[PDB]
Peer 1: 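One structure follows; several queries about it will come next.
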Amino acid sequence: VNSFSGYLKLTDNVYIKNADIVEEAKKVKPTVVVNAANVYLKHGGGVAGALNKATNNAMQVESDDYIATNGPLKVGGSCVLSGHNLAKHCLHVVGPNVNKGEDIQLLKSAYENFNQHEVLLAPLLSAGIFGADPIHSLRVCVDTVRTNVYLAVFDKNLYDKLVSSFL
Ligand SMILES: O=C1C[C@H]2CCC[C@@H](CN1)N2c1ncnc2[nH]c(Cl)cc12
């Protein structure tokens with residue numbers, strides 16, 4: 001039993017809700033919140049910009065130190081950093097950005113990072129400003145993640161479409 005409330009159950013291990021991941025994180029304080037990161041951990045917009053803003057830029061300060069030490073992530077890769085006031089940990093995961101020409105096949109590799117954590121709160125990778133089809137992202141999530149994932153979908157219209165079209 002966990003503290004996630006109001007989710008629709010899609011499969012044995014995947015749950016979905018129309019919610020703002022920022023507000024959901026602040027309420028649940030999950031062990032792991034997933035960020036829709038880029039390889040530079042520059043959290044300017046989309047989910048990343050929103051999460052970083054909620055940490056009062058502490059996420060960005062920590063991220064800049066991480067990059068200065070380690071260099072950029074790989075597309076499809078991840079790193080674990082602090083969750084600040086939102087969660088114990090933040091798993092920064094880089095899905096391919098279609099608006100940069102990146103290989104959509106890397107989306108499965110991106111979701112594989114979730115399997116290193118028993119329970120996560122997460123957005124749909126590569127959705128939103130990353131330019132991928134959120135319906136496809138949900139399919140890859142369901143077919144790749146085996147741990148317990150709670151998906152927050154900000155747009156109510158998109159949420160309804162994701163539920164109504166789910167096979
Ligand atoms: O539902 C979506 C899809 C998903 C990936 C693309 C960017 C946005 C757009 N809307 N996003 C979010 N997901 C969950 N929480 C969110 N909070 C804020 Cl602000 C945005 C946001």
Side-chain angles (χ1 to χ4, degrees), residues 2-10 14-60 63 73 75-78 81 83-102 104 106-114 117 119-142 144-145 147-166:
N2 63 49
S3 167
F4 289 101
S5 178
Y7 285 73
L8 178 70
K9 181 171 180 59
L10 293 177
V14 179
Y15 295 81
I16 195 167
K17 185 184 181 178
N18 168 227
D20 180 351
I21 193 169
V22 170
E23 288 308 308
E24 186 75 5
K26 279 195 290 186
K27 157 174 118 56
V28 176
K29 291 296 237 81
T31 305
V32 180
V33 66
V34 173
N35 181 33
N38 60 53
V39 298
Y40 307 109
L41 303 180
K42 284 172 61 94
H43 308 301
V47 169
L51 292 170
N52 176 57
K53 178 176 176 186
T55 76
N56 184 43
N57 211 50
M59 175 181 288
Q60 191 64 67
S63 292
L73 295 181
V75 180
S78 69
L81 291 172
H84 301 276
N85 52 318
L86 305 178
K88 189 174 189 307
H89 303 107
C90 179
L91 181 69
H92 296 272
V93 180
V94 184
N97 189 324
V98 175
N99 305 316
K100 300 182 182 176
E102 294 168 351
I104 194 62
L106 288 168
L107 187 55
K108 189 175 184 72
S109 302
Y111 274 117
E112 286 171 343
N113 295 286
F114 289 26
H117 303 276
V119 184
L120 316 86
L121 172 64
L124 286 170
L125 299 180
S126 297
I129 70 176
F130 282 62
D133 177 4
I135 296 178
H136 171 68
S137 184
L138 177 56
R139 186 75 258 164
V140 178
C141 181
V142 158
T144 304
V145 182
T147 55
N148 293 142
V149 56
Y150 289 82
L151 294 170
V153 177
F154 179 59
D155 189 68
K156 169 61 173 170
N157 287 323
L158 174 60
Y159 169 84
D160 288 347
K161 180 187 191 135
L162 287 164
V163 169
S164 293
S165 61
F166 183 73

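One-based numbering, in listed order, for ligands and for the atoms of each. Count residues from 1 along the sequence.
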Peer 1: Report the residues that fulfil side-chain hydrogen bond (donor to acceptor under 3.5 Å, both in side chains) with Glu23, sequence neighbours left out, ordered by chain and then residue number.
Peer 2: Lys26
Peer 1: I need the minimum non-hydrogen distance between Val32 and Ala87, along with the two atoms involved.
Peer 2: C-CB, 4.5 Å
Peer 1: Using atom types as modelled and distance alone, determine if a side-chain donor or acceptor of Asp160 lies under 3.5 Å from a backbone N or O of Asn157.
Peer 2: no
Peer 1: For residues 119-128, dump all side-chain donor-acceptor pairs below 3.5 Å to protein atoms at least two apart in sequence or in another chain.
Peer 2:
{"unit_1": "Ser126", "atom_1": "OG", "unit_2": "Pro96", "atom_2": "O", "d": "2.7"}

Peer 1: Which pair of non-hydrogen atoms, one from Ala37 and one from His92, has the smallest distance, and what is that distance?
Peer 2: CB-CB, 3.8 Å
Peer 1: Protein residues near ligand 1, heavy-atom distance below 4.0 Å?
Peer 2: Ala19, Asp20, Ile21, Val47, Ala50, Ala127, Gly128, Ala152, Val153, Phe154, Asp155
Peer 1: Scan the side chains in residues 40-49 for donor-acceptor partners under 3.5 Å anywhere in the protein, sequence neighbours excluded, and list what turns up.
Peer 2:
{"unit_1": "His43", "atom_1": "ND1", "unit_2": "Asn35", "atom_2": "ND2", "d": "3.2"}
{"unit_1": "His43", "atom_1": "NE2", "unit_2": "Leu41", "atom_2": "O", "d": "3.2"}
{"unit_1": "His43", "atom_1": "NE2", "unit_2": "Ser63", "atom_2": "OG", "d": "2.8"}

